[PDB]
Every structure is written in C-alpha cells, then in structure tokens.
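Okay, structure-v1.cif is below, mmCIF, C-alpha atoms:
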```cif
data_run
loop_
_atom_site.label_atom_id
_atom_site.label_comp_id
_atom_site.auth_asym_id
_atom_site.auth_seq_id
_atom_site.Cartn_x
_atom_site.Cartn_y
_atom_site.Cartn_z
CA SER A 1 7.37 -12.44 20.56
CA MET A 2 5.85 -11.32 17.23
CA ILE A 3 4.89 -7.90 18.61
CA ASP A 4 8.53 -6.90 19.14
CA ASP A 5 9.23 -8.55 15.78
CA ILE A 6 6.55 -6.31 14.24
CA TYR A 7 7.36 -3.04 16.05
CA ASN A 8 11.09 -3.46 15.63
CA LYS A 9 13.65 -0.70 16.10
CA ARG A 10 13.90 -0.15 12.34
CA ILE A 11 10.11 0.17 12.00
CA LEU A 12 10.02 2.69 14.85
CA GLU A 13 12.90 4.69 13.36
CA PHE A 14 11.21 4.85 9.96
CA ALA A 15 7.83 6.05 11.24
CA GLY A 16 9.46 8.77 13.35
CA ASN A 17 11.58 10.27 10.54
CA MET A 18 9.31 10.81 7.53
CA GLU A 19 10.83 13.12 4.91
CA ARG A 20 9.17 15.27 2.24
CA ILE A 21 5.85 15.80 4.03
CA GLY A 22 3.71 18.35 2.22
CA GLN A 23 2.65 19.03 -1.36
CA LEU A 24 4.35 19.71 -4.68
CA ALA A 25 4.03 23.00 -6.54
CA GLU A 26 2.96 21.79 -10.01
CA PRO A 27 2.71 18.00 -9.75
CA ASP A 28 2.14 15.78 -12.77
CA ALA A 29 -0.30 13.56 -10.84
CA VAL A 30 -1.84 13.39 -7.37
CA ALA A 31 -3.23 10.17 -5.88
CA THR A 32 -5.14 9.75 -2.62
CA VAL A 33 -5.53 6.23 -1.21
CA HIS A 34 -7.70 5.23 1.75
CA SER A 35 -7.87 2.11 3.93
CA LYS A 36 -11.52 1.73 4.91
CA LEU A 37 -10.75 -0.81 7.66
CA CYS A 38 -8.46 1.43 9.74
CA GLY A 39 -9.18 4.86 8.25
CA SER A 40 -5.60 5.52 7.12
CA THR A 41 -4.98 7.92 4.24
CA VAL A 42 -1.97 8.76 2.06
CA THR A 43 -1.91 11.51 -0.59
CA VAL A 44 1.13 11.32 -2.89
CA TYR A 45 2.40 14.05 -5.22
CA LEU A 46 4.66 12.89 -8.04
CA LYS A 47 6.75 14.36 -10.85
CA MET A 48 8.25 12.24 -13.63
CA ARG A 49 10.09 12.44 -16.95
CA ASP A 50 11.32 9.74 -19.36
CA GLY A 51 10.13 6.98 -17.02
CA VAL A 52 12.04 8.34 -14.01
CA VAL A 53 10.61 9.90 -10.85
CA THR A 54 12.11 13.37 -10.37
CA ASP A 55 10.21 14.78 -7.38
CA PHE A 56 8.05 13.45 -4.56
CA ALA A 57 5.90 14.75 -1.71
CA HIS A 58 3.22 13.12 0.42
CA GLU A 59 0.82 13.70 3.30
CA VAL A 60 0.42 10.71 5.62
CA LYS A 61 -2.18 9.96 8.33
CA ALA A 62 -1.71 6.23 8.95
CA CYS A 63 -0.67 3.76 11.64
CA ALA A 64 2.95 3.07 12.57
CA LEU A 65 3.34 0.48 9.80
CA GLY A 66 1.85 2.87 7.25
CA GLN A 67 4.14 5.64 8.49
CA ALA A 68 7.20 3.38 8.38
CA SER A 69 6.40 2.20 4.85
CA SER A 70 5.80 5.76 3.64
CA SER A 71 9.13 6.78 5.18
CA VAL A 72 11.02 4.14 3.19
CA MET A 73 9.28 5.28 0.01
CA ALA A 74 10.21 8.94 0.52
CA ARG A 75 13.89 7.99 0.92
CA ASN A 76 14.18 5.85 -2.22
CA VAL A 77 11.53 6.97 -4.72
CA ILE A 78 13.39 9.86 -6.37
CA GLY A 79 15.54 8.47 -9.17
CA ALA A 80 13.61 5.20 -9.42
CA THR A 81 12.08 3.95 -12.65
CA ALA A 82 8.45 2.98 -13.11
CA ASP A 83 9.52 -0.66 -13.50
CA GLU A 84 11.50 -0.52 -10.24
CA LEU A 85 8.44 0.84 -8.44
CA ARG A 86 5.96 -1.68 -9.85
CA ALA A 87 8.43 -4.45 -8.98
CA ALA A 88 8.69 -3.27 -5.37
CA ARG A 89 4.90 -3.04 -5.11
CA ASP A 90 4.57 -6.47 -6.73
CA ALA A 91 7.12 -7.86 -4.27
CA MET A 92 5.31 -6.22 -1.35
CA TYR A 93 2.01 -7.84 -2.36
CA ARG A 94 3.58 -11.29 -2.72
CA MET A 95 5.43 -11.01 0.61
CA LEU A 96 2.34 -10.27 2.72
CA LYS A 97 -0.26 -12.33 0.82
CA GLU A 98 1.68 -15.16 -0.89
CA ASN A 99 4.52 -15.87 1.60
CA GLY A 100 6.93 -14.33 -0.88
CA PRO A 101 10.41 -12.96 -0.35
CA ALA A 102 11.20 -9.46 0.83
CA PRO A 103 11.86 -6.78 -1.80
CA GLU A 104 15.44 -5.90 -2.70
CA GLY A 105 17.40 -3.17 -4.46
CA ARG A 106 16.50 0.38 -3.47
CA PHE A 107 13.60 -1.05 -1.43
CA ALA A 108 15.64 -3.57 0.57
CA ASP A 109 14.59 -1.82 3.80
CA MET A 110 11.16 -3.46 3.41
CA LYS A 111 12.78 -6.63 4.79
CA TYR A 112 11.94 -5.23 8.23
CA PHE A 113 8.25 -5.37 7.23
CA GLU A 114 8.35 -9.16 6.82
CA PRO A 115 6.74 -9.84 10.26
CA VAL A 116 3.70 -7.87 9.03
CA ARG A 117 2.95 -10.88 6.79
CA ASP A 118 1.22 -12.74 9.64
CA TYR A 119 -0.61 -9.52 10.67
CA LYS A 120 -3.39 -9.23 8.10
CA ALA A 121 -5.04 -6.23 9.79
CA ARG A 122 -2.08 -3.99 8.85
CA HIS A 123 -1.56 -5.09 5.23
CA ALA A 124 -3.61 -2.27 3.68
CA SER A 125 -1.96 0.52 5.69
CA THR A 126 1.55 -0.67 4.82
CA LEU A 127 0.79 -0.79 1.07
CA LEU A 128 -0.83 2.67 0.96
CA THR A 129 2.33 4.46 -0.18
CA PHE A 130 3.06 1.85 -2.86
CA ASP A 131 -0.45 1.96 -4.32
CA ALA A 132 -0.52 5.76 -4.23
CA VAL A 133 2.74 5.97 -6.21
CA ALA A 134 1.58 3.32 -8.69
CA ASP A 135 -1.64 5.28 -9.22
CA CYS A 136 0.31 8.46 -10.00
CA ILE A 137 2.42 6.51 -12.51
CA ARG A 138 -0.77 5.12 -14.06
CA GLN A 139 -2.18 8.66 -14.32
CA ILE A 140 0.93 10.06 -16.04
CA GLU A 141 1.03 7.07 -18.40
CA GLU A 142 -2.67 7.38 -19.27
CA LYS A 143 -1.99 10.95 -20.41
CA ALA A 144 -0.92 9.94 -23.92
#
```

In structure tokens, how does this file's structure come out?
Amino acid sequence: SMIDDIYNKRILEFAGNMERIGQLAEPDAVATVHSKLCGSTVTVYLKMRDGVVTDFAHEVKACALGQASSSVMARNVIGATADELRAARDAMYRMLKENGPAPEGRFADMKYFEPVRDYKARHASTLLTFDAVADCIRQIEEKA
C-alpha cells in the first residue's frame, strides 16, 4: 500500500494534536528552519539549563509528516538532554537516508515514521523540528 503505511493512524493522530503552539516569554534561543522544496517552516523556542531542556514552544506550518514529527517533539523534548536530542536527530537522519533503525527511548514514537524512508520528498519536512531544536542547542552552547 505504502500510502496507508505512510499516512498511518499514528501519523494522523500526531499531526492533529500538536501541543505547545506559540512562543516563549524570554527564550534562551530561537531557531527558524525552512524547507525550500515544499515551503514548510518551523520556528522553535527553547529554554535550557545544565544541559537539560526546561521549556519548549514552536510555531509549525508544514505538511502532515512535518506536523506529526513536530507533535512527537513537543511531547518528549522537555526533560531531555542535549545528547538525547542529538542522538534522536542522528538516528532520524540515518533512518531516512542510510536505511538505519528507528530511534528509541523518549523518541520511540518515530518508529511510525519509518515508511517515510522511501519517500524522499518528505524527508526535509519531517526533520524540521529536529534541526530547529539542534540549532537552538547550538546557539545556547555557542554563548560561552
């Protein structure tokens, strides 16, 4: 089927229930990431301390896969370490581009994004939320 494997029931439930949409009051870093192919955009607001994410907010205007991926991030990002987030982003890259395994731990819900591997046109939109968070981490780290 592939299409029903891509737009599964979990993917459709994620995209429809995105939490923490908006902006943060006094964020430590703000990253905006754009997919030039499809025109999808994700702006992520992040607060951190001692290597741990303490607050999160984002504004999403992406396809269903980008919405579903941003929904999983908003449910599991608070309380995660920078190493946990880079590992999930690293695992997401290797799953879609290198036939790698699905991420695990607090990002085990990305297993439902495995059919997107054979759908190259949606790879950028799905990774928008991961690259926006990693850019905020890189900003807060650079401030030293």

Hey, what's within 6 Å of residue A:40 if we count only C-alpha atoms and toss same-chain stuff fewer than 2 positions away? As a compact mmCIF listing (two decimals) with C-alpha atoms, in the coordinates of the input, please?
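What landed in selection_4.txt:
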```txt
# COMPACT_ATOMS: atom_id res chain seq x y z
CA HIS A 34 -7.70 5.23 1.75
CA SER A 35 -7.87 2.11 3.93
CA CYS A 38 -8.46 1.43 9.74
CA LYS A 61 -2.18 9.96 8.33
CA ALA A 62 -1.71 6.23 8.95
```

Neighbours of residue A:51 within 10 Å (all atoms listed in the file; same-chain residues fewer than 5 positions away dropped), as number ranges by chain?
A: 79-83, 137, 140-141

What would the selection look like, as a ChimeraX atom specification, if the PyMOL selection byres ((chain A and resi 108-123) around 9) were run on the coordinates I just shared? /A:2-3,5-8,10-11,37-38,63,65-66,68-69,72,92-93,95-99,101-107,124-128

On this structure, which residues satisfy the PyMOL selection byres ((chain A and resi 15) around 7), written as an MDAnalysis selection string?
chainID A and resid 11:14 16:18 64 67:68 71

- [ ] Please evaluate the PyMOL selection byres ((chain A and resi 56) around 10) against the structure above and give the resulting residues as a ChimeraX atom specification.
- [x] /A:19-24,27,44-48,53-55,57-58,73-75,77-78,133

| Selected residue, from A:60, A:91, A:31, A:25, that lies nearest to residue A:134 when counting only C-alpha atoms |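 Closest residue, counting only C-alpha atoms: A:31.
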
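Neighbours of residue A:33 closer than or equal to 7 Å, with all atoms listed in the file counted and sequence neighbours fewer than 5 positions away skipped, come out as residues 41, 42, 43, 128 and 132 of chain A.
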
Report task. Provide the atom CA of residue A:70 to atom CA of residue A:89 distance in Å, to one decimal place. Result ->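 For atom CA of residue A:70 relative to atom CA of residue A:89, the distance reads 12.4 Å.
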
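Going from atom CA of residue A:136 over to atom CA of residue A:30, you cover 6.0 Å.
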